[PDB]
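Worksheet for the structure shown next.
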Amino acid sequence: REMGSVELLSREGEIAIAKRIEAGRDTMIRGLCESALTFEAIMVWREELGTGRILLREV
DNA sequence: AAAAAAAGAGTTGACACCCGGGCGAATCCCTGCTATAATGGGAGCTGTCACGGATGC
């Protein structure tokens, strides 16, 4: 009863939902790429590159 | 009238062996990934009363 009294169906609504999810992921990625918090934090792992353990195929 | 040894103890090397702990190897359990379109559910009484109590205007 609860699922039927509040839910519906949408053919093209799934496309809009996917576009909204993609926009949210894009905005989150744009907001997470900052300076002195994420660049220097992840750079300590990028400096470990050259051994092929987690620098390539992992990060 | 005397006087020493098969047992009885006591060990000393000499195997026979019997589960324990590793070294392997062979093999179980988990977990996730599959891209045409899938869009609200199946029994069950209903052939006992009667009492004793719990809601309602």
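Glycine also receives a Cβ, built like all others from the backbone with ideal geometry; neighbour counts cover every protein chain displayed. Please treat every number below as a calculation from the coordinates, not as lab data.
With runs of 4+ DSSP H residues as the only contributors, calculate the mean residue ellipticity of chain A at 222 nm using -39,500 (n - 2.57) per run, divided by the residue total and rounded to the nearest 500. The partial results should precede the final answer.
Details: 3 runs with 33 residues, N = 59.
Calculated at 222 nm, the ellipticity per residue is -17000 deg cm²/dmol.
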Test of understanding: what is the full-extension gain from A:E58 to A:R46, defined as 0.36 nm times their sequence separation minus their Cα-Cα distance? 3.2 nm
Translational diffusion of chain A, µm² s⁻¹ [Kirkwood Rh, Cα pairs; Stokes-Einstein; 10 °C; 1.306 mPa s]: 103
Hey, if you put +1 on the Cβ of every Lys and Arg and -1 on every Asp and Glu Cβ in chain A, which of A:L49, A:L8, A:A23 ends up farthest toward the positive end of that dipole? A:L8
Give me the dipole magnitude in Debye, nearest 20, for chain A about the Cα centre, with unit charges on the beta carbon: positive for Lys and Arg, negative for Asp and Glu. 140
